[PDB]
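Chemist: Got entry.pdb for you, PDB, C-alpha atoms:
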```pdb
ATOM      1  CA  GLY A  10       0.000   0.000   0.000  1.00  0.00           C
ATOM      2  CA  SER A  11       0.777   3.717   0.132  1.00  0.00           C
ATOM      3  CA  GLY A  12       3.309   5.156   2.571  1.00  0.00           C
ATOM      4  CA  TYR A  13       5.368   1.959   2.760  1.00  0.00           C
ATOM      5  CA  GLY A  14       8.873   1.404   1.385  1.00  0.00           C
ATOM      6  CA  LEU A  15      11.750   3.632   0.241  1.00  0.00           C
ATOM      7  CA  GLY A  16       9.954   6.048  -2.107  1.00  0.00           C
ATOM      8  CA  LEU A  17      10.870   9.676  -2.794  1.00  0.00           C
ATOM      9  CA  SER A  18      10.392  12.586  -0.369  1.00  0.00           C
ATOM     10  CA  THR A  19      10.508  16.397  -0.093  1.00  0.00           C
ATOM     11  CA  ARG A  20      11.876  19.038   2.313  1.00  0.00           C
ATOM     12  CA  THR A  21       8.387  19.938   3.672  1.00  0.00           C
ATOM     13  CA  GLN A  22       7.819  16.288   4.585  1.00  0.00           C
ATOM     14  CA  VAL A  23      11.149  16.182   6.464  1.00  0.00           C
ATOM     15  CA  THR A  24      10.235  19.095   8.773  1.00  0.00           C
ATOM     16  CA  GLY A  25       6.625  17.902   8.949  1.00  0.00           C
ATOM     17  CA  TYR A  26       7.743  14.604  10.489  1.00  0.00           C
ATOM     18  CA  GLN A  27       9.968  16.344  13.082  1.00  0.00           C
ATOM     19  CA  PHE A  28       6.974  18.365  14.328  1.00  0.00           C
ATOM     20  CA  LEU A  29       4.875  15.207  14.826  1.00  0.00           C
ATOM     21  CA  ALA A  30       7.891  13.512  16.447  1.00  0.00           C
ATOM     22  CA  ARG A  31       8.319  16.310  19.020  1.00  0.00           C
ATOM     23  CA  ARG A  32       4.581  16.549  19.789  1.00  0.00           C
ATOM     24  CA  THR A  33       4.255  12.776  20.380  1.00  0.00           C
ATOM     25  CA  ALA A  34       7.475  12.655  22.436  1.00  0.00           C
ATOM     26  CA  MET A  35       6.037  15.313  24.771  1.00  0.00           C
ATOM     27  CA  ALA A  36       2.824  13.291  25.287  1.00  0.00           C
ATOM     28  CA  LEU A  37       4.792  10.335  26.688  1.00  0.00           C
ATOM     29  CA  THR A  38       6.604  12.342  29.402  1.00  0.00           C
ATOM     30  CA  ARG A  39       4.158  15.204  30.231  1.00  0.00           C
ATOM     31  CA  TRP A  40       0.817  13.582  29.220  1.00  0.00           C
ATOM     32  CA  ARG A  41      -0.526  16.817  27.643  1.00  0.00           C
ATOM     33  CA  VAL A  42      -0.279  18.426  24.202  1.00  0.00           C
ATOM     34  CA  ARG A  43      -0.885  22.145  24.852  1.00  0.00           C
ATOM     35  CA  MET A  44       2.840  22.918  24.201  1.00  0.00           C
ATOM     36  CA  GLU A  45       2.676  26.676  24.905  1.00  0.00           C
ATOM     37  CA  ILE A  46       6.436  26.449  25.624  1.00  0.00           C
ATOM     38  CA  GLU A  47       8.607  23.737  24.047  1.00  0.00           C
ATOM     39  CA  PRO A  48      11.331  22.604  26.499  1.00  0.00           C
ATOM     40  CA  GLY A  49      12.476  19.532  24.513  1.00  0.00           C
ATOM     41  CA  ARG A  50      14.101  21.848  21.965  1.00  0.00           C
ATOM     42  CA  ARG A  51      15.948  23.894  24.631  1.00  0.00           C
ATOM     43  CA  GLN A  52      17.284  20.874  26.547  1.00  0.00           C
ATOM     44  CA  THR A  53      18.673  19.495  23.265  1.00  0.00           C
ATOM     45  CA  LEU A  54      20.255  22.816  22.161  1.00  0.00           C
ATOM     46  CA  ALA A  55      22.078  23.062  25.515  1.00  0.00           C
ATOM     47  CA  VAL A  56      23.910  19.794  24.679  1.00  0.00           C
ATOM     48  CA  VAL A  57      24.822  21.014  21.161  1.00  0.00           C
ATOM     49  CA  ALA A  58      26.239  24.181  22.760  1.00  0.00           C
ATOM     50  CA  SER A  59      28.229  22.033  25.226  1.00  0.00           C
ATOM     51  CA  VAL A  60      29.778  19.934  22.427  1.00  0.00           C
ATOM     52  CA  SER A  61      30.586  23.037  20.340  1.00  0.00           C
ATOM     53  CA  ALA A  62      32.326  24.753  23.284  1.00  0.00           C
ATOM     54  CA  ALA A  63      34.417  21.599  23.847  1.00  0.00           C
ATOM     55  CA  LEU A  64      35.494  21.540  20.159  1.00  0.00           C
ATOM     56  CA  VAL A  65      36.381  25.265  20.144  1.00  0.00           C
ATOM     57  CA  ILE A  66      38.757  24.713  23.088  1.00  0.00           C
ATOM     58  CA  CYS A  67      40.081  21.537  21.404  1.00  0.00           C
ATOM     59  CA  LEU A  68      41.013  23.440  18.200  1.00  0.00           C
ATOM     60  CA  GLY A  69      42.484  26.227  20.352  1.00  0.00           C
ATOM     61  CA  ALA A  70      45.050  23.747  21.712  1.00  0.00           C
ATOM     62  CA  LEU A  71      46.049  22.557  18.211  1.00  0.00           C
ATOM     63  CA  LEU A  72      46.558  26.175  17.118  1.00  0.00           C
ATOM     64  CA  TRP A  73      49.167  26.706  19.887  1.00  0.00           C
TER      65      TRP A  73
ATOM     66  CA  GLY B  51      43.233  34.494  11.883  1.00  0.00           C
ATOM     67  CA  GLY B  52      44.514  31.162  13.187  1.00  0.00           C
ATOM     68  CA  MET B  53      45.379  30.057   9.638  1.00  0.00           C
ATOM     69  CA  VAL B  54      47.271  33.349   9.050  1.00  0.00           C
ATOM     70  CA  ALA B  55      49.114  33.351  12.416  1.00  0.00           C
ATOM     71  CA  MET B  56      50.282  29.723  12.042  1.00  0.00           C
ATOM     72  CA  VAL B  57      52.201  30.671   8.855  1.00  0.00           C
ATOM     73  CA  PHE B  58      54.171  33.445  10.627  1.00  0.00           C
ATOM     74  CA  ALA B  59      55.295  31.103  13.426  1.00  0.00           C
ATOM     75  CA  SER B  60      56.754  28.867  10.696  1.00  0.00           C
ATOM     76  CA  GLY B  61      58.763  31.875   9.431  1.00  0.00           C
ATOM     77  CA  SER B  62      57.670  31.778   5.785  1.00  0.00           C
ATOM     78  CA  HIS B  63      56.337  35.360   6.251  1.00  0.00           C
ATOM     79  CA  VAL B  64      54.836  35.286   2.731  1.00  0.00           C
ATOM     80  CA  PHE B  65      52.271  37.962   3.751  1.00  0.00           C
ATOM     81  CA  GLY B  66      52.625  41.721   3.470  1.00  0.00           C
ATOM     82  CA  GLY B  67      51.693  43.581   0.301  1.00  0.00           C
ATOM     83  CA  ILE B  68      51.160  41.071  -2.554  1.00  0.00           C
ATOM     84  CA  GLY B  69      50.266  38.228  -0.175  1.00  0.00           C
ATOM     85  CA  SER B  70      48.139  40.156   2.354  1.00  0.00           C
ATOM     86  CA  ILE B  71      45.670  41.197  -0.388  1.00  0.00           C
ATOM     87  CA  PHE B  72      44.129  37.673  -0.363  1.00  0.00           C
ATOM     88  CA  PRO B  73      43.192  37.465   3.366  1.00  0.00           C
ATOM     89  CA  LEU B  74      42.288  41.175   3.347  1.00  0.00           C
ATOM     90  CA  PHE B  75      39.777  40.813   0.482  1.00  0.00           C
ATOM     91  CA  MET B  76      38.649  37.342   1.672  1.00  0.00           C
ATOM     92  CA  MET B  77      37.768  38.839   5.095  1.00  0.00           C
ATOM     93  CA  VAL B  78      35.248  41.235   3.471  1.00  0.00           C
ATOM     94  CA  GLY B  79      33.356  38.370   1.798  1.00  0.00           C
ATOM     95  CA  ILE B  80      32.453  36.726   5.127  1.00  0.00           C
ATOM     96  CA  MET B  81      30.969  39.949   6.572  1.00  0.00           C
ATOM     97  CA  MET B  82      29.052  40.466   3.316  1.00  0.00           C
ATOM     98  CA  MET B  83      27.415  37.009   3.704  1.00  0.00           C
ATOM     99  CA  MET B  84      26.348  37.614   7.339  1.00  0.00           C
ATOM    100  CA  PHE B  85      24.832  40.966   6.283  1.00  0.00           C
ATOM    101  CA  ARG B  86      22.555  39.165   3.795  1.00  0.00           C
ATOM    102  CA  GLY B  87      21.797  36.736   6.629  1.00  0.00           C
ATOM    103  CA  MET B  88      20.241  39.455   8.820  1.00  0.00           C
ATOM    104  CA  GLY B  89      18.141  40.532   5.771  1.00  0.00           C
ATOM    105  CA  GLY B  90      14.681  42.153   5.855  1.00  0.00           C
ATOM    106  CA  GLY B  91      13.332  44.534   8.463  1.00  0.00           C
ATOM    107  CA  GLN B  92      10.700  47.196   9.226  1.00  0.00           C
ATOM    108  CA  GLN B  93       8.985  44.961  11.824  1.00  0.00           C
ATOM    109  CA  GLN B  94       9.732  47.554  14.567  1.00  0.00           C
ATOM    110  CA  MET B  95       8.527  45.628  17.653  1.00  0.00           C
ATOM    111  CA  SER B  96      10.517  46.366  20.829  1.00  0.00           C
ATOM    112  CA  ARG B  97      10.261  46.139  24.653  1.00  0.00           C
ATOM    113  CA  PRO B  98      10.414  49.987  24.917  1.00  0.00           C
ATOM    114  CA  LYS B  99       7.496  50.320  22.443  1.00  0.00           C
ATOM    115  CA  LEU B 100       5.314  47.629  24.065  1.00  0.00           C
TER     116      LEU B 100
END
```
Can you present the structure in this file as structure tokens?

Modeler:
Amino acid sequence: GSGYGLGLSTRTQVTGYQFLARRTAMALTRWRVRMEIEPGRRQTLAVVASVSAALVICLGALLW
Amino acid sequence: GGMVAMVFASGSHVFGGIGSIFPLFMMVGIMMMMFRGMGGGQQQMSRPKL
């Protein structure tokens, strides 16, 4: 049937899936879907900032 | 800057005049791309206006 297998895809479908993925992930831990504020995003970005800061210092050592 | 500095510590000192024109002109291109990045405007919302 439709939707199965490795067919083609578009850039609006890629972001569309990430929205549904966030909204369902929130329902498993907070049991509500109002989502006036979206903390999953922020807790993830804090890790990406942590990794980036580690790499900046790492390259700083190689420069010296 | 790191790429430029690393060459001086090696002593090749190829920069100055003829050589410096590349990093000098190359530096402008980066700023020109960030300027297009902040593109648009006229929204004019601000804490002091609200």

Chemist: Please identify every residue of chain B that has at least one atom no more than 12 Å from any atom of chain A, counting only C-alpha atoms, and report them as a PyMOL selection string.

Modeler: chain B and resi 51-57+59

Chemist: What is the CA of residue 51 (chain A)-CA of residue 38 (chain A) distance in Å, reported with one decimal?

Modeler: 15.6 Å

Chemist: Please provide as a ChimeraX atom specification all residues within 12 Å of residue 48 (chain A), with the sequence filter that same-chain residues fewer than 6 positions apart are discarded (counting all atoms listed in the file).

Modeler: /A:31-32,34-35,38-39,54-55

Chemist: Adding 3 Å on each side of the box along x, y and z that holds all listed atoms of region 61-79 of chain B, could you give its centre and edge lengths in Å to one decimal, as AutoDock Vina command-line options?

Modeler:
```
--center_x 46.1 --center_y 37.7 --center_z 3.4 --size_x 31.4 --size_y 17.8 --size_z 18.0
```
